[PDB]
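Below is one structure, written out as structure tokens; comments come after it.
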Amino acid sequence: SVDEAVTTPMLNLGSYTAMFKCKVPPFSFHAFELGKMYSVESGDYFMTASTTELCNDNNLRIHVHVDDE
Amino acid sequence: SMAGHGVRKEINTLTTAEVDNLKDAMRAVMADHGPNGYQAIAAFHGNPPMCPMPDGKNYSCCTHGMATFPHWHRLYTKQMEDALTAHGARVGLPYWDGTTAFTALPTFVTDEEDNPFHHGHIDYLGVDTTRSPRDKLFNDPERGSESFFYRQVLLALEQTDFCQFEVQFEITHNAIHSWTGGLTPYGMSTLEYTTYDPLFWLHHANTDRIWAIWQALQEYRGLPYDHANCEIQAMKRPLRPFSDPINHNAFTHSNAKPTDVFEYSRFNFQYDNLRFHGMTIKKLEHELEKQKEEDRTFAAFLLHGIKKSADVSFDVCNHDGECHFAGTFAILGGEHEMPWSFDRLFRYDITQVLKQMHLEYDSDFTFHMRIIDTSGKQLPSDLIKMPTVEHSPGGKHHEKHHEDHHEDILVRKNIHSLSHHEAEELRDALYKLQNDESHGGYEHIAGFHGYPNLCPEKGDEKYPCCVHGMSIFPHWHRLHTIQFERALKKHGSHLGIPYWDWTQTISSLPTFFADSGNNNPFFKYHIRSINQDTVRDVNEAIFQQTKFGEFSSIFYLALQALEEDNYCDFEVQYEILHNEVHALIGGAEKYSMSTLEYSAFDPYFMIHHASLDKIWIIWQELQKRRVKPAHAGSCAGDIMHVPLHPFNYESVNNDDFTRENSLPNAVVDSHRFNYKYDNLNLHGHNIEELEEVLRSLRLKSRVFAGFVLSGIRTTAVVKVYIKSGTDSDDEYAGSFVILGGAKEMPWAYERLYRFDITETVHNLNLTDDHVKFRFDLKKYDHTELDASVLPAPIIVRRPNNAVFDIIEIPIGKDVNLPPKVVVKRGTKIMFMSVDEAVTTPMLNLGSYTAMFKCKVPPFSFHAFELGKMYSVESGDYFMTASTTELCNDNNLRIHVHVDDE
Amino acid sequence: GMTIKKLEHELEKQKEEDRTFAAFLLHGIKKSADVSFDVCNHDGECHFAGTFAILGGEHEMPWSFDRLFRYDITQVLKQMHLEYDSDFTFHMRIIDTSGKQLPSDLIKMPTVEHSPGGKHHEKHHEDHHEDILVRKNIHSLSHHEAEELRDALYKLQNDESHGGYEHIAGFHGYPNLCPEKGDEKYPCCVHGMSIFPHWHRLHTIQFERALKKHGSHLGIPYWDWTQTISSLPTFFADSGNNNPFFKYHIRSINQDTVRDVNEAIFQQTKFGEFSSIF
Ligand code: CUO
Ligand code: CUO
Ligand code: CUO
């Protein structure tokens, strides 16, 4: 949550790589990633900025991916 | 990768790659210690014994000598199959068609070295499996087809009744175990050991196949395939250990009950073909009936558990003492087997033997029976009761048959075939619904799709539940349509929602709507929530140039949908085709059918989606004929594994089917929803007939204009205009519509939108790869909007004969689009050298997404993409600008991706 | 009484209907006994399924039936209102002649079987004929039902006679009639009086009776306005198609019946403490 200026939203698994380009939906908080939280499930994930503009402020695109050993 | 089911095909048609995967997968399966291991699965069959009885006694789990027998084994085969798949097999156990004569055991099993199929180790025994085939195994044909396996199975097939069928079927099943295993202690001949041999699966796969063929025949007969009137009680009880929560496999666990077991499709595996021997199902039925014509004499046996496996042979003897070999049957068993006794007799066709004896039914002759154990020791005759002799005549008069149907089966009959009497139920049902404000009400049902937006759980954000543009787009709709229909039936409906085949030449709008007077409920509906009635601004949407191929207007698009292979590529064609109708009906109007947020309310809307749904069905199975089944998870499945909102959210129609079976994988099959269409035909063409028309398009090379459409957040139209060499004269290349609106959830077509420009381009005479680009103009329901986001058309040429290649020509410079996935492994790719200023380099697969950001190496031409070129290989690709700076000139990032159907 | 030909016909008729049977496997139980069994639903409610007897004794030769003995359960299930698919239990008691009970071990559990055949149900049935009239709910209204109301009202509205709509409405509002040639006029409408509902109740029937004479199937539809009001009834709202329910032309003075609807909505809570009308 570093930098209070940006809150906790951080979209989540926006979709696929194309979406990852920073497409985020109009305020539709497709919840998944919140404040201090955690997540057990596997598969392919992703994290994008809370808002479309908020994305461009630092390019919050990190595409987390979670596979097997 | 095939999207659909793990298919099981014949063993004799072994494809090297397939065999390799199976061997490897099996090897891994054998190795794993886990509960979904080879040893663990094998254990289910018998030793070590997995079943508890309430006394604590342990017995072999397999159900034999019972009606449940095919059900239990069906699950067992699947259990092993799932394991192999996890291991990486292309899904499916191969089936060994034992029925047909074969010189030797399948090579697949036979190969001694590096073959996991050859044998398996038995941990408890501490020895490997063994097999000693009996020579009797290759049955001697009189006819050539006339073999014992064939005959035994054939008799089973003839039986109408499930129970009658099962006994014959099961006994036949046993024959393979005996002959293969023979005397050896470790093999198939023993109940305990059999699961260990890998051949076991091949055999059971075949046995399951036999059952499947029978079901198909029953369906053909019109007799119930899924359920059995007999042994009602047995079906209900679960088959352990599958029912146990210990069971790692969810699917088998879910279909623990024999009632559940019947539907194989739920199992998610299919067979390459039902055809028994060469015969088709239709043919087989005919063949069977012929047998009926002649009288036959049978010997009947009552069999019970004789604590062991044994082979019985009996001969028919005349008083003279002359005898001939009557026949053989086998019993599979062992110690710790569960007790079983057949409810009915096992029938064996004596007729040939009697004729040879020249005996008559009435004549007094004797049956001699000898029971031999596997060891060769003779058993006492006390084990089996003396056989009965019966005569079966041939012919019939006034045979009233009893085949049940219509538990909850509705049918959506054509609006045209509609009758005055039929029409009333529709009007009444709809009206009663419309007046209904409850959660079940019409006002509420329409609400799911358009405004007001519900689905997020008290988000207070709102959210259009309407899923458009997603891969799921038809899935959500198909369920919604049924939701509308189901609501009506509860309201008092006789028939299903009428569907309209708008593809055919449209003389005028349906009378169903047009009759605005008499307060027709189908014509419009009062929102009541906000107010305002459902109005529509009809468009011409007519003028007929030509039918039966090259049909101008809607049909081509729809026909174009069926044309497309793969689901993912299909869905786009599916939606866009659907998108068109909404526009003509809704027109410009605020509250119209064209307005996504509102269109749900319109009466036509509820029915209209049904008409589209019909197209999906024809296509769904149509693909199956193609040996490319694609329904369920195919390419972009991830979206599917999540329930359709708001159907799952607690506040739906509360329809038990809907609320529960909201899952997309479930919705894929319409037959579950309890409704059927009066016909499969489109534009007056039957499935086989229509398939021909499709062939016509493949006949001629056509150039297509690729489109990467992304959520505009509004519904609108686009006019594609092709530039001309002369001045710049545009041309009406055509037009398509993009549905959407205000705060809709974001969407973007992963797949390209095939749009046919061909004739238009030829006039101007330009080349697909060569400098060819066009500027379209798009427009909102009424007014102009930013044409800007094209995004730049990605020309694709679809070669004529020898298709399913598809060529994809992206572009070079001033290109605009995210990662486009042509998919359809085997597709071809290229690039447009448009703008001489930029040469041919275009990096290639730079690396991963991070690299895609435009990292390109210093002049290191990591070759891959050149000038006019192509590429067959699959996997994930990419294309970036030749140089780092050259990237920024137009953002040449297109991340091509190429997966499987 | 039946002849052979007749009997065969009688038997076939039985075949026509589906039946459910319980099957018993019987073997020598070294004695004579009477067996009675009941069908019970899960509830534990039971009904007497049926009875059969076994004749036997010591030194009887051993015997076992090759097939099951069938007993027709169908009537019992219907009484239970059980379905074949439904899960129910069969309870069996074996009593010897002496009255001593035998162990159930002697007989194996019964099997159940289904016999044909089914059909599709057409909605052939007819409910009540117009005996007495009934004022059915406006909501429960059907399209077909709706027409009779519109037709009946319309025919009345066009009717100027004393029986006419213009006249019936006249009783309550203007013009005022009731005093016998008082030339005073007088609103017949009785409001505020103790009789207030009495006069109205009769007037309402007067309206309804006028319609039936005019050609009505059903009674005047009533609207339960207390319940949360989503919107005005469709019956009125459909101003188009010249809906007779929406408005009426006075014709006497002129001017159509217009209404200035008020919000009359917003729902706070139902089922007690209902705000507004209820
Ligand atoms: O059935 Cu248990 O063995 Cu093939
Ligand atoms: O799909 Cu939601 O509209 Cu036809
Ligand atoms: O008006 Cu006279 O009563 Cu309601």
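Packing, taken as the mean count of other beta carbons within 10 Å per residue, orders the peptides B:512-521, C:120-129, B:582-591 from highest to lowest as B:582-591, B:512-521, C:120-129.
List the residues of segment B:729-765 whose backbone N lies under 18 Å from a point placed 7 Å from the Cα of B:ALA541 along the Cα-to-Cβ direction. Counting only backbone N, you get B:735-740.
Express in whole angstrom the spacing between the alpha-carbon centres of segment B:96-160 and segment B:823-879. Cα centroid to Cα centroid, the span is 52 Å.
All other residues whose Cβ lies under 15 angstrom from that of B:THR503 are scored, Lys and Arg at +1 and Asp and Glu at -1, for a net of -4. Relative to the Cα centre, the charge distribution of chain A, modelled as +1 at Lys and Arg Cβ and -1 at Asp and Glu Cβ, gives a dipole magnitude of about 300 debye. What the Cβ-Cβ distance of A:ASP67 and B:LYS743 gives, at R0 = 25 Å and to the nearest 0.05, is a FRET efficiency of 0.10. In a shell of Cβ-Cβ distance under 10 Å around C:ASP66, excluding C:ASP66 itself, what net charge do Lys and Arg (+1) and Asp and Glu (-1) give? Its environment carries a net charge of +3.
Less than 17 Å apart at the alpha-carbon level, and either on another chain or at least 8 residues along: which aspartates and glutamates does that give for C:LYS212? Within the straight-line cut-off, C:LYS212 pairs with C:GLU130, C:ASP131, C:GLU145, C:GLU147, C:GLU148, C:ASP151, C:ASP159, C:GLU160, C:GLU166. Against the main long axis of the alpha-carbon atoms of chain C, helix C:143-158 sits at an angle near 30°. Temperature 37 °C, viscosity 0.692 mPa s: under these conditions the Stokes-Einstein estimate for chain A, based on its Kirkwood radius over C-alpha pairs, is 266 µm² per second. Whole-Hz Karplus values for segment B:95-102 come out as 10, 9, 7, x, 4, 7, 5, 9 Hz, taken residue by residue from phi with 6.51 cos²θ - 1.76 cosθ + 1.60 and θ = phi - 60°; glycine and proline positions read x. Basic side chains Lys and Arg get +1 at the Cβ, acidic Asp and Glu get -1 at the Cβ, and with that the dipole of segment B:335-454 about its Cα centre reaches some 480 debye.
Remark: for residue pairs B:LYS307/C:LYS30; B:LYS136/B:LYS292; B:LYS772/B:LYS813; B:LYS136/B:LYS282; B:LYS400/C:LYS15, the C-alpha separation exceeds 20 Å in B:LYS307/C:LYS30; B:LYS136/B:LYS292; B:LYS136/B:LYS282. Comparing C:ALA169, C:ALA33, C:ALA146 in a Gaussian network model of chain C, where Cα atoms under 10 Å apart are tied by springs, the biggest mean-square fluctuation is seen for C:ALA33. So which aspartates and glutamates can C:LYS108 reach, going by Cα to Cα under 16 Å and dropping same-chain residues fewer than 8 places off? C:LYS108 reaches B:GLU231, B:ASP343, C:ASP34, C:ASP38, C:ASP66. At q = 0.18, 0.19, 0.20 Å⁻¹, what base-10 log of I(q)/I(0) does the Debye formula yield for segment B:729-875 when every alpha carbon is treated as an equal point scatterer in vacuo? Here the Debye-derived log intensity ratios amount to -1.31, -1.41, -1.50. Taken one residue at a time, the phi angles of segment C:248-254 give Karplus couplings (6.51, -1.76, 1.60, θ = phi - 60°) of 9, 8, 4, 6, 5, 6, 2 Hz. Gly and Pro are set to x. Between 0 and 90 degrees, the angle of helix B:603-625 with respect to the longest Cα principal axis of chain B falls at about 50 degrees. Scaled against the 2.2 N^0.38 Å expected of a compact globular protein of N residues, the Cα radius of gyration of segment B:68-152 reads 1.34.
Per residue of B:400-413, other chain Cβ atoms within 10 Å of the residue Cβ number 2 on average. Taking amide H positions as modeled 1.01 Å from N, with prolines and chain starts lacking one, the residues under 5 Å from B:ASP756 and 5 or more places away or on another chain are B:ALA705. Taking 37 °C and 0.692 mPa s as conditions, segment B:109-226 diffuses translationally at an estimated 210 µm²/s according to Stokes-Einstein applied to its Kirkwood radius (Cα pairs). The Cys residues in the protein assembly as shown with no partner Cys Cβ within less than 4.7 Å of their Cβ are B:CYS62, B:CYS466, C:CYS189. Where only DSSP H runs of four or more residues are counted, chain B gives -9000 deg cm²/dmol as its mean residue ellipticity at 222 nm, each run worth -39500 (n - 2.57). Backbone amide hydrogens, once placed in the peptide plane, bring B:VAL823 within less than 5 Å of B:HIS897, B:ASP899, excluding anything fewer than 5 places away on its chain. Note on the protein assembly as shown: Kirkwood hydrodynamic radius from all Cα pairs is 36.4 Å, rounded to one decimal.
If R0 is 25 Å, the Cβ-Cβ spacing of B:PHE775 and A:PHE27 corresponds to a FRET efficiency of close to 0.15.
Sequentially through segment B:9-14, phi angles give Karplus couplings (6.51, -1.76, 1.60; θ = phi - 60°) of 10, 5, 5, 4, 8, 8 Hz, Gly and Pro residues having no value and appearing as x. A dipole drawn for chain B from +1 and -1 charges on Cβ atoms has a positive end, and of B:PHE365, B:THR297, B:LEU410 the residue lying farthest that way is B:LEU410. Distance from the alpha carbon centroid of segment B:671-714 to that of segment B:425-499 works out to 25 angstrom. Residues whose amide H comes within less than 5 Å of that of B:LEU892, counting only those at least five positions distant or on another chain, are B:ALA881 (H built at 1.01 Å from N in the peptide plane).
Read the figures in this text as sums done on the coordinates, not as results from a lab. Using ideal geometry, Cβ is built from the backbone for each residue, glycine included, and neighbour counts are taken over all protein chains shown.
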